[PDB]
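Visitor: piece number one of the complex, untouched:
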Amino acid sequence: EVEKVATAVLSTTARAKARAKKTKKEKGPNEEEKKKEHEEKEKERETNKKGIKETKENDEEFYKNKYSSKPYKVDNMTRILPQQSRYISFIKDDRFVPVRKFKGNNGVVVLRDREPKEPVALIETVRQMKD
């Protein structure tokens, strides 16, 4: 719908060209003498904007690392593809530290809380909401 009307405007200006070379000489002064549209730069015209709805992903450039080696913060409760799980390490800066070692795999993992007496938000299960 967007392209139909963007192509409309542009094609009309192109056709008018041959007549336009000599017209354009008279057109310049008649704007200074009479009046202008709302701008005083050139005569600049419309261009129309086209419809692009999708913002596509490119592809990697590094297949040797698809997981770099740089740090990135990954939030708890997120999509975790098994490649990431190997490099997940629980940080000590938080209260929360694993009871044992971490498996290097995804799953339900229970942690030891050093301060459970300090307010942290907690994420309600479905069952909790209903109560």
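Guide: Noted; the coordinates are in hand. Numbers count the residues shown, from 1 in each chain, chains lettered A, B, ... in the order given.

Visitor: need the longest helix for chain A.
Guide: Selection of the longest helix in chain A by residue count, based on DSSP state H, yields helix A:17-33.

Visitor: can you give me how far that helix is from the chain middle?
Guide: Offset of helix A:17-33 from its chain centre (Cα atoms, centre = their mean, to the nearest Å): 44 Å.

Visitor: next, the buried residues of that helix.
Guide: Using 16 or more other Cβ atoms under 10 Å as the test for burial, helix A:17-33 gives no buried residues. From N, CA and C alone the C-beta is placed, and that goes for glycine too.

Visitor: got the contact list for residue A:8?
Guide: residue A:48 (Cβ atoms under 8 Å, 6 or more residues apart in numbering).

Visitor: SS state for it?
Guide: helix (DSSP: H, G, I helix; E, B strand; the rest coil).

Visitor: same check, this time on residue A:66
Guide: coil.

Visitor: and it, how close does it get to residue A:60?
Guide: With the distance defined as Cβ to Cβ, to the nearest Å, residue A:66 ends up 6 Å from residue A:60.

Visitor: the most centrally placed residue in chain A: which element?
Guide: Per Cα atoms, centre = their mean, the C-alpha nearest to the average position across chain A is that of residue A:55, at 7.7 Å. Following DSSP states H and E, one finds residue A:55 outside all helices and strands.

Visitor: and it, how far is that from residue A:130?
Guide: 38 Å.

Visitor: sequence for chain B below, add it please:
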Amino acid sequence: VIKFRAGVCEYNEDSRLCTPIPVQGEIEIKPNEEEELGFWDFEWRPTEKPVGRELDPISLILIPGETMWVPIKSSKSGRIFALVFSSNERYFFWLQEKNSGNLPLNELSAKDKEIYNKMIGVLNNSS
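Guide: Chain B, in position alongside the others:
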């Protein structure tokens, strides 16, 4: 009319022990309009669990200035719904309503604001 799940609970003048004898039932509050005192009827009903002192149904009128609200009464259990009469019509209820569970919890229910508003409305005001 405002209903929530509630149990019977024991009253004491001895030391005011006030720990539930747990049951399961409801309290059903009729706000009424009768005279200047309101006389809001708190009808308690058992629906299951005969265990303990069940208390056959009894409707209790709100007489203003004798009854009192304090959310705890000995901090053994919260959610102390108080109709104080000093061993006349004194029978207690213990809210057992779901707001984070039916549990005992200090300073009434988990929905804190919700339930303080109800207490003022029923108990302190007279229609």
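
Visitor: please re-evaluate the contacts of residue A:8 in the presence of chain B.
Guide: residue A:48 (Cβ atoms under 8 Å, 6 or more residues apart in numbering or on different chains).

Visitor: kindly report the same for residue B:109.
Guide: B:79, B:95, B:97, B:99-100, B:115.

Visitor: please repeat the previous calculation with a cut-off of 6 Å.
Guide: B:99, B:115 (Cβ atoms under 6 Å, 6 or more residues apart in numbering or on different chains).

Visitor: follow-up on the earlier one: for the following helix or strand past the longest helix of chain A, name the packing helices and strands.
Guide: Using DSSP H and E, the helix or strand that follows helix A:17-33 in sequence is helix A:82-85. Of the remaining helices and strands, none touches helix A:82-85 by 3 or more Cβ pairs under 6 Å, 6 or more residues apart in numbering or on different chains; DSSP states H and E.

Visitor: which residues does whichever helix or strand comes after helix A:82-85 contact?
Guide: Per DSSP H and E, helix A:82-85 leads on to strand A:96-98 as the next helix or strand towards the C-terminus. Under the contact criterion Cβ under 6 Å, 6+ apart, strand A:96-98 has outside partners A:90, A:111-113.

Visitor: tell me the phi and psi of residue 93?
Guide: By default, I'm working from chain A. Phi and psi for residue A:93, reported as degrees, to the nearest 10, are phi -70, psi -30.

Visitor: my question was about chain B
Guide: phi -130, psi 160.

Visitor: which bits of chain B sit near chain A?
Guide: Residues of chain B lying close to chain A (Cβ under 6 Å from any Cβ of the partner chain) are B:98, B:101.
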